[PDB]
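Report on one structure; see the data block that follows.
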Amino acid sequence: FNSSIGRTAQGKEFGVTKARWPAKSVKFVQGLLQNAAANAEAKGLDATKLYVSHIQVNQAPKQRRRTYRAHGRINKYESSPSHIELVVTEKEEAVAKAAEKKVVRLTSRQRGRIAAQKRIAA
Amino acid sequence: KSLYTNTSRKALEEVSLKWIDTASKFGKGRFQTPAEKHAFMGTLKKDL
Amino acid sequence: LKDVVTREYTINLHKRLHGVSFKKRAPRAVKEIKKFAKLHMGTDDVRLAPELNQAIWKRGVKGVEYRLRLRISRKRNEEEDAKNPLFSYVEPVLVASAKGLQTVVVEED
Amino acid sequence: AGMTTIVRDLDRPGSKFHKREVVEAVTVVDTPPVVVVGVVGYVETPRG
RNA sequence: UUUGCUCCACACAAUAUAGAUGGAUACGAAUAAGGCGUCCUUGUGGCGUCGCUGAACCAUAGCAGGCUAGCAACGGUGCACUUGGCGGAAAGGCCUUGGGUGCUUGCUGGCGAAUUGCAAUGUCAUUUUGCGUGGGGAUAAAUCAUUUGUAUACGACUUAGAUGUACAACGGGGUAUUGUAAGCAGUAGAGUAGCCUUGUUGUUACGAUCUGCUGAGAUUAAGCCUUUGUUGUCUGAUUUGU
RNA sequence: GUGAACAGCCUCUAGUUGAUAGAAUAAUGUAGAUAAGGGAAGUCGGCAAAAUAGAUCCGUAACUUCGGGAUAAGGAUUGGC
RNA sequence: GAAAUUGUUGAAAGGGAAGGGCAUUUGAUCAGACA
Ligand SMILES: [Mg+2]
Ligand SMILES: [Mg+2]
Ligand SMILES: [Mg+2]
Ligand SMILES: [Mg+2]
Ligand SMILES: [Mg+2]
Ligand SMILES: [Mg+2]
Ligand SMILES: [Mg+2]
Ligand SMILES: [Mg+2]
Ligand SMILES: [Mg+2]
Ligand SMILES: [Mg+2]
Ligand SMILES: [Mg+2]
Ligand SMILES: [Mg+2]
Ligand SMILES: [Mg+2]
Ligand SMILES: [Mg+2]
Ligand SMILES: [Mg+2]
Ligand SMILES: [Mg+2]
Ligand SMILES: [Mg+2]
Ligand SMILES: [Mg+2]
Ligand SMILES: [Mg+2]
Ligand SMILES: [Mg+2]
Ligand SMILES: [Mg+2]
Ligand SMILES: [Mg+2]
Ligand SMILES: [Mg+2]
Ligand SMILES: [Mg+2]
Ligand SMILES: [Mg+2]
Ligand SMILES: [Mg+2]
Ligand SMILES: [Mg+2]
Ligand SMILES: [Mg+2]
Ligand SMILES: [Mg+2]
Ligand SMILES: [Mg+2]
Ligand SMILES: [Mg+2]
Ligand SMILES: [Mg+2]
Ligand SMILES: [Mg+2]
Ligand SMILES: [Mg+2]
Ligand SMILES: [Mg+2]
Numbered sequence: 063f064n065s066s067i068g069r070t071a072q073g074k075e076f077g078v079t080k081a082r083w084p085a086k087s088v089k090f091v092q093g094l095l096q097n098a099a100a101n102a103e104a105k106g107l108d109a110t111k112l113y114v115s116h117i118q119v120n121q122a123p124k125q126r127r128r129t130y131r132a133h134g135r136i137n138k139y140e141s142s143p144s145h146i147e148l149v150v151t152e153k154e155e156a157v158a159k160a161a162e163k164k165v166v167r168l169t170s171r172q173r174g175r176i177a178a179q180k181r182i183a184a
Numbered sequence: 340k341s342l343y344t345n346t347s348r349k350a351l352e353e354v355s356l357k358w359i360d361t362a363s364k365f366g367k368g369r370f371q372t373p374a375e376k377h378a379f380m381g382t383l384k385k386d387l
Numbered sequence: 004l005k006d007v008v009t010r011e012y013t014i015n016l017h018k019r020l021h022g023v024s025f026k027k028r029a030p031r032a033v034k035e036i037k038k039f040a041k042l043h044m045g046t047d048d049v050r051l052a053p054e055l056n057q058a059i060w061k062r063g064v065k066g067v068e069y070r071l072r073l074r075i076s077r078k079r080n081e082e083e084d085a086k087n088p089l090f091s092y093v094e095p096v097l098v099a100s101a102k103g104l105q106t107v108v109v110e111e112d
Numbered sequence: 051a052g053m054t055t056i057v058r059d060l061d062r063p064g065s066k067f068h069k070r071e072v073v074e075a076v077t078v079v080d081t082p083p084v085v086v087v088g089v090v091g092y093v094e095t096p097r098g
């Protein structure tokens, strides 16, 4: 949602010409981060490890409202509201390995080259 | 340095300056030297 | 650090106000001062004494004087902890002519 | 730096202003001795 | 921002591949003329020779090529090294010296090979990347923000900013623009009043304007010039690796 | 108050200071303006714009239904004390 | 609690549209079938 918008230098930080400062978003999002930092202190999670894991937002049911256009005509004039939701998580390291073991399957002319590669060589 | 030699007569003319405007270009200047200035107006309420 | 200081400055408004649209000049004048205060003290927080306001709007909107003698007092902020620990406070200083006065430092008390 | 004006005689044997004074405008470029600090050699290559 | 980078070495792990599988094997010029050998007087020369295709040339035998002995040669060749030289058209390749070392199918021997079961590509090239190791080598900047105006709709461009011919804020001097400030004084002033001690300038004042101090006063970089004075500031933010 | 004036412009009383803001000041605009020398050559055409303007005084044509035409035209003067 | 349509995550492709047909490489995924 960017087309026909300003250009600022402050966007080189993310590789982008067009970039904004939409206050009333920030304030609603950071007022919801703040709410998870609560719930995490309350859950006993290490407040240092925390990283935002999931933060989607989709459309909330609109708001009607009208506007008065030329020659005695009405036009919609709608609010566009939002569901936000975020999830923070204790960061953590590693994952080890562990998986299958690959069930190797090779013809009799294919175990031959094998068990001769040992008989023949190292 | 130019990229061809000009036989332009209009070039080769060996010019010789007579006078060079030293009068201030921050207005309608009259005086080249403060010399010339003090010499013409006389002395003022600051000064000697 | 801090420092807690008061000095008395002049400011050329005329230069900072040259060109400015009339109905905006005296408002730009106010603002320009605030600007002038952070240049010197370092403080985002800047307050103008209501007299300094009159001192400004002395001559209607378009009629700001060219020069203004100011008292910029830097002081420590108090209560509900604002971002910065400090603020400025501009007061007008009763001089006959603001011409040719350069910046003095005020020793207080 | 800017321009100024000059007065000089003229040597256009033919013109109505031959051996007469004329006043011409002249710019003036500030040109303090440049300093040599490196050297480069180039080469012809079927590409340039 | 948790030991990050780079070049040399191996180790694992990935991921790819317009498509290895003995060798891209170097004059130039002519074509109703040339290649090569050879002789000479060194020429547009004498003599000879070749072509008629690279079907050539070189290489090619040994567990996808193992393990071994010996003779004859004194040759070849693979590798790491060292000497001297050449190459800028994209040089990144060529050549030459000298030791060391493996191989030699130049020739003669000893041993091995099955059972991959009658074929199943029967796996042997080189791509880029990533993770630890240790053997050298190296210790920057760019961006936001602030700022200049040689630039600008926004981005962009052009300057500046860790302590100095630094930068800003005032102040001073130059440079300009206007046309003589406020104040004070006067025997300037058409003139008007008021108290007499009714004038041998009678006095107190008042009067657009005038004159003096006064080319004075005001303004002057906001895209003028300059500065030994005055005062202040001089590490916030983020990003980047072959 | 100026002035012919309930005009315009400024003020007393009373009433407002309501009309999204902030930063800039590119092109192109809308609305307000000036421009050397020339002066309708512009354009369908003076479209637009500009010039005139109050008051006092001098001066005033053709034509006329004698009522006009007529502020015709053309001119001078205008503060302050 | 379908669709149009939207948010996040996962995979894949994209040198002036995208979608489609025959065929096959590649990756992912799945049935059946042996005895
Ligand atoms: Mg567009
Ligand atoms: Mg637009
Ligand atoms: Mg835009
Ligand atoms: Mg409307
Ligand atoms: Mg209606
Ligand atoms: Mg084998
Ligand atoms: Mg000038
Ligand atoms: Mg000051
Ligand atoms: Mg302007
Ligand atoms: Mg690290
Ligand atoms: Mg030859
Ligand atoms: Mg010879
Ligand atoms: Mg010869
Ligand atoms: Mg051959
Ligand atoms: Mg053998
Ligand atoms: Mg061998
Ligand atoms: Mg061999
Ligand atoms: Mg193999
Ligand atoms: Mg330092
Ligand atoms: Mg400062
Ligand atoms: Mg005078
Ligand atoms: Mg005066
Ligand atoms: Mg005096
Ligand atoms: Mg500008
Ligand atoms: Mg000084
Ligand atoms: Mg409106
Ligand atoms: Mg800007
Ligand atoms: Mg015409
Ligand atoms: Mg008109
Ligand atoms: Mg005019
Ligand atoms: Mg007239
Ligand atoms: Mg008169
Ligand atoms: Mg339901
Ligand atoms: Mg496609
Ligand atoms: Mg298909």
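Chains as they are written, first to last, in PDB author numbering: chain S, 63 to 184; chain Z, 340 to 387; chain Y, 4 to 112; chain P, 51 to 98.
Just so you know, even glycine gets a beta-carbon here, dropped at the ideal spot from N, CA and C.
Can you find a CB in chain Z that lies within less than 9 Å of the CB of residue i?
| i | result |
| --- | --- |
| P/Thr54 | yes |
| P/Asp61 | yes |
| P/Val57 | yes |
| P/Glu94 | no |
Drop a sphere of 10 angstroms on the beta-carbon of residue i, count the other beta-carbons inside from all chains shown, and report buried for 16 or more, exposed for fewer.
| i | result |
| --- | --- |
| S/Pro84 | exposed |
| S/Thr79 | exposed |
| Y/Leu16 | buried |
| Y/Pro53 | exposed |
| Z/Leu342 | exposed |
| Z/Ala378 | exposed |
| Y/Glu35 | buried |
| Y/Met44 | buried |
| Z/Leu383 | exposed |
| residue 117 of chain Y | Coverage of chain Y is limited to positions 4 through 112, which leaves residue 117 of chain Y absent and any answer about it impossible. |
| Y/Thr46 | buried |
| Y/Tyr12 | buried |
| Y/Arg28 | buried |
| S/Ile176 | exposed |
| S/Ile182 | exposed |
| Z/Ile359 | exposed |
| Y/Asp48 | buried |
Answer with yes or no whether the minimum CB distance from residue i to chain P is below 9 Å.
| i | result |
| --- | --- |
| Z/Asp360 | yes |
| Z/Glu352 | yes |
| Z/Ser347 | no |
| Z/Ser341 | no |
| Z/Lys384 | no |
| Z/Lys367 | no |
| Z/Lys376 | no |
| Z/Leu356 | yes |
In chain order, what residues of the same chain lie with their CB nearer than 6 Å to the CB of residue i, ignoring the 5 residues before and after it?
| i | result |
| --- | --- |
| S/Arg167 | none |
| P/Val87 | none |
| S/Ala100 | none |
Since I believe residue j is in contact with residue i (beta carbons under 8 Å), could you give me their beta-carbon distance rounded to a whole number of angstroms?
| i | j | result |
| --- | --- | --- |
| Y/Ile59 | Y/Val33 | 6 Å |
| Y/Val7 | Y/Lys78 | 7 Å |
| Z/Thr372 | Z/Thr361 | 7 Å |
| P/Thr55 | P/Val73 | 6 Å |
| S/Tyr139 | S/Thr129 | 4 Å |
| Y/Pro95 | Y/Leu55 | 5 Å |
Between which residues of its own chain and residue i is the CB-CB distance below 7 Å, once the five residues before and five after are set aside?
| i | result |
| --- | --- |
| S/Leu148 | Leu94, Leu95, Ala98, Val114, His116, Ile117 |
| P/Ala75 | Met53, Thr55 |
| residue 187 of chain S | Not covered by the structure: residue 187 of chain S. The range shown for chain S is 63 to 184. |
Cutting at 8 Å between CB atoms, please list the residues of its own chain near residue i, excluding the five before and the five after it.
| i | result |
| --- | --- |
| S/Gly73 | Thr79, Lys80, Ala81 |
| S/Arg173 | none |
For this session: Specify whether the segment 101–113 of chain S and the segment 156–166 of chain S touch according to this definition: at least 3 beta carbon pairs, one from each stretch, less than 8 Å apart.
Result: no
Problem set entry | Three or more C-beta pairs below 8 Å linking the segment 98–109 of chain Y and the segment 68–79 of chain Y | yes
Problem set entry | the segment 53–68 of chain P touching the segment 85–92 of chain Y, judged by at least three CB pairs closer than 8 Å | no
For this session: May I ask you to verify whether the segment 143–151 of chain S touches the segment 113–125 of chain S, counting CB pairs closer than 8 Å and requiring at least 3?
Result: yes
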